[PDB]
Amino acid sequence: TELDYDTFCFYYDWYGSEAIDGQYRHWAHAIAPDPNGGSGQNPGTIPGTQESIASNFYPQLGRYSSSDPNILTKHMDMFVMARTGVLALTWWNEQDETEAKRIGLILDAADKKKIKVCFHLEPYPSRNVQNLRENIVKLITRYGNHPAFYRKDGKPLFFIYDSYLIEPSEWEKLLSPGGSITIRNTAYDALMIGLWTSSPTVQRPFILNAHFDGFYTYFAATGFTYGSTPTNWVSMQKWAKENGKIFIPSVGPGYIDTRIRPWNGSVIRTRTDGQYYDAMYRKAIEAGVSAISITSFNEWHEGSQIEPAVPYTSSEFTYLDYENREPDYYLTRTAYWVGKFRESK
Ligand SMILES: OC[C@H]1NC[C@@H](O)[C@@H](O[C@H]2O[C@H](CO)[C@@H](O)[C@H](O)[C@H]2O)[C@@H]1O
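Residues numbered from 1 in each chain as written, not as in the entry; some residues may be left out. Heavy atoms only, no water. Residues with missing side-chain atoms left out of burial classes, pairs and counts.

1. What to know about the nonpolar core
(1) Moving on: Counting residues in each nonpolar core, the largest one holds 99 residues, and the members touching the most others are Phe119, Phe159, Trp171 and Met192.
(2) Moving on: Contacts of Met192, omitting those with residues within four sequence positions, involve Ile136, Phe158, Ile160, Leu174, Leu175, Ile183, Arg184, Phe212, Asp213 and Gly214. (Core = buried A, V, L, I, M, F, W, Y, C linked by side-chain atoms within 4.5 Å. Buried < 20%, exposed > 50% of the residue type's maximum accessible area, 1.4 Å probe, protein only. Contact = heavy atoms within 4.5 Å.)

Shown next, in the form of structure tokens:
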């Protein structure tokens, strides 16, 4: 029954409905050009109609709005069902007051069920260490006193997606104790969790020289990177422990993004009735880590979601579904692994 507060589930608040947002945002989505394709590609778009959404799966809740209070209550009950104590909220620096209202709604809904919220800092336009500092300050100032705001031993925690886009010489200005714009030992200090992608030869000095407090791996597809290859996790944890870093491996129930990335079929990982998820979660537990991240609650575009999905077929597409499992199976199976994680933590 207890929620686990070292289990972080990646959450996306970008979905819209006609009724609430005036358009089916994200259910409608651009199809991505092939990176190795020609020069003048015209991939098209997915309209976000009932028949055709930007996912290989279909949500039980339909084409929902992330701002719908009814949807928010349902998602928070699903977090409770999954025993996942922390919602890791995608954050794109939209800056409009709509973003603020939405974050406020999520924090209020989370706190009713004693869920905590931390921020997942995305590669927003012109992201750099100076505006990242400004934004961390704004987020802590604005939300740091909310009861649902996540802290570990007094410290806020931020996941930094695609952190490699900013060189360690830049990171050190923000994250070194002697950094020219440091947050260390200020009111705005936080646990900063960077993305580990490739081999230890590159990643080890990256993490040390950038002064991250920890690292995560994000990708739900096993083998996509060195960091998302679970057999590496024991050795990654031993390095983390040796160097005083927090390792938060990411586990997911599967992966498929071919509706929006039709050229990306080699990254597909089938769910095989839960067997994929079991194998990956088990590997994280066996690595003896102190925290786990789940990719994802509701990244519907990438087919990594544990949110309940239903069978559905339209003239546009035959959606995948949870096969010989109920719509809520990945929630309850998450709860099962969280219990196992807790027993040996
Ligand atoms: O949260 C980290 C990372 N997760 C996978 C994606 O959600 C990615 O965003 C990119 O891809 C999505 C579609 O899957 C697209 O909507 C978004 O605009 C891209 O930035 C995200 O950064």
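2. Observations regarding the packing of aromatic side chains
(1) Moving on: Scanning all chains against the criterion turns up 39 aromatic pairs.
(2) Moving on: Arranged with centres 6.0 Å apart and planes meeting at 40 degrees, the rings of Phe119 and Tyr143 form a pair that is tilted. Of this pair, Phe119 sits in strand β5 (residues 116-121) while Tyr143 sits in helix α4 (residues 129-143), and the two are 24 residues apart along the sequence. Taken individually, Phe119 and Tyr143 each receive the classification buried, so the pair is uniform in this respect.
(3) Moving on: Ring geometry for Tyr161 against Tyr218: centres 5.4 Å apart, planes inclined by 65 degrees, an arrangement best described as edge-to-face. One end of the pair, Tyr161, is in the loop between β6 (157-160) and α5 (168-175); the other, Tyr218, is in the loop between β8 (214-216) and α7 (233-242), and 57 residues separate them in sequence.
(4) Moving on: The buried category is assigned to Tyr161, whose relative accessible area is 15%.
(5) Moving on: Three or more aromatic residues link up through ring pairs in this structure, and these residues are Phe8, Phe10, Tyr150, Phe159, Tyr161, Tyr216, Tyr218, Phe219 and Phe224.
(6) Moving on: The aromatic ring of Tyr24 is capped on one face by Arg63, whose charged end is 4.0 Å from the ring centroid. (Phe/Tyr/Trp six-rings, centres within 6.5 Å; stacked < 30°, edge-to-face > 60°. Helix = DSSP H or I, 4+ residues; strand = E, 2+ residues; numbered from the N terminus. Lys NZ or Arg CZ within 6 Å of the ring centre and 35° of its normal.)

3. So, the site of the ligand
(1) Moving on: Every one of the 14 residues lining the ligand counts as a neighbour, but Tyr12, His29, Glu122, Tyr218 and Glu299 are closest to it.
(2) Moving on: One nitrogen or oxygen atom from the side chain of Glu299 is found 2.5 Å from an oxygen atom belonging to the ligand.
(3) Moving on: The fraction of the free accessible surface of the ligand (460 Å²) that becomes covered by protein chains is 80%.
(4) Moving on: Of the residues in the shell around the ligand, the class split is six nonpolar, four polar and four charged. (Near = heavy atom within 4 Å. Polar contact = N/O pair within 3.5 Å; in protein donor to acceptor, adjacent residues only side chain to side chain. Areas by Shrake-Rupley, 256 points an atom, 1.4 Å probe, with all protein chains shown as cover. Nonpolar A, V, L, I, M, F, W, Y, C, P; charged D, E, K, R; others polar.)

4. Here's the deal with the packing of α5 against helix α6 (residues 200-210)
Two measures define how a pair of helices packs: the angle their axes make with one another and the distance between the axes.
(1) Moving on: For the pair α5 and α6, interaxial distance at closest approach is 8 Å and the crossing angle is 35 degrees. Facing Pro168, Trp171, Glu172 and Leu175 of α5, the residues of α6 in contact are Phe206, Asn209 and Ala210.
(2) Moving on: Of the residues contributing to the contact of α5 with α6, the split by class is five nonpolar, one polar and one charged. (Axes fitted to C-alpha atoms, helices over the stretch in contact; angles between N-to-C directions.)

5. Section: the sheet that holds strand β9 (residues 246-248)
The strands making up a sheet are joined through hydrogen bonds of the backbone, oriented either antiparallel or parallel.
(1) Moving on: Read across the sheet, nine strands follow the order β9-β8-β7-β6-β5-β4-β1-β11-β10 without closing on themselves; strand pairing throughout is parallel. The open sheet has two free edges, formed respectively by β9 and β10 (250-251), since each of these has just one partner strand.
(2) Moving on: When strand β1 (residues 4-11) meets strand β4 (residues 84-91), the two strands line up parallel, connected through five bridges. Bridged to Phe8 within β4 is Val86.
(3) Moving on: Sheet contacts for α7: β8, β9 and β10; angle to β9, the most-contacted strand, approximately 155 degrees. (Pairing = 2+ DSSP bridges.)

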